[PDB]
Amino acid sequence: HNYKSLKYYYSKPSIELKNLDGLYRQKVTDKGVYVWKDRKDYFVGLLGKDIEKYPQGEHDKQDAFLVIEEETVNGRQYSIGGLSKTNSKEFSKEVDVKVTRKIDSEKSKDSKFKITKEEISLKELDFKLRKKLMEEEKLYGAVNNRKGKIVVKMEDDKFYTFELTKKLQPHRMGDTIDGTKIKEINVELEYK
């Protein structure tokens, strides 16, 4: 069912690897990179426009946000996208999280969310915000708790949306945005 796949995907643990010891694109014909830190290696899938940023060879000063998928790829644990430029300097910013709840009228309450990367993947935003919602707003706690959306709003009013009724598309996991320009996060939940 749609519920089980959401619940058991977003309940998975995540690994934040800041400053990889390395990430390596072996072949121009493959769809991923070998990444490693502290003697732990993984294979990361490049299934969107992110493949264009990592040509054959090595690339340094990079971060990785991992969610270990069910597939074993090239003998390693696998994750899709979540790659980004490592911070140039220390950066930490708390943004407001407006959680509105349509029932039919509505109920809302504010919370905060800690941003720590200058350049951040949609994968990370998506996964961490859903986890926050699973823990605090009963997201995917019952078959009926799956409708709504997460909106990440920028200072120039551009925004990014995550539909809660389905998993973030793999081709969007490698997309990144300027963490320093995230203005606010608006969440709408359409369940009791």
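Quick note: we count residues from 1 along the sequence shown, nothing fancier.
Asks: Neighbours in the displayed sequence, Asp104 and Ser105 may still hide a gap; how many deposited residues lack coordinates there, none, 1 to 3, 4 to 9, or 10 or more?
Replies: Gap between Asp104 and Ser105: 1 to 3 residues without coordinates.
Asks: Mean Cα B factor from the PDB record: higher for 105-113, or higher for 79-87?
Replies: The entry gives the higher C-alpha B-factor average to 105-113.
Asks: Averaging the C-alpha B factors as listed in the entry, name the stretch that ends up higher: 130-138 or 64-72.
Replies: Looking at the record's C-alpha B-factors, the answer is 130-138.
Asks: Using the entry's values, work out which of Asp41, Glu155, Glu124, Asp50 has the largest Cα B factor.
Replies: Highest C-alpha B-factor among the listed residues goes to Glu155.
Asks: Between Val28, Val35, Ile150, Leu46, let me know which has the highest C-alpha B-factor in the entry?
Replies: If I rank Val28, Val35, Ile150, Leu46 by C-alpha B-factor, first place goes to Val28.
Asks: Ordered by C-alpha B-factor within the chain, which third holds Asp178? Give me lowest, middle or highest, please.
Replies: It falls in the middle third of the chain.
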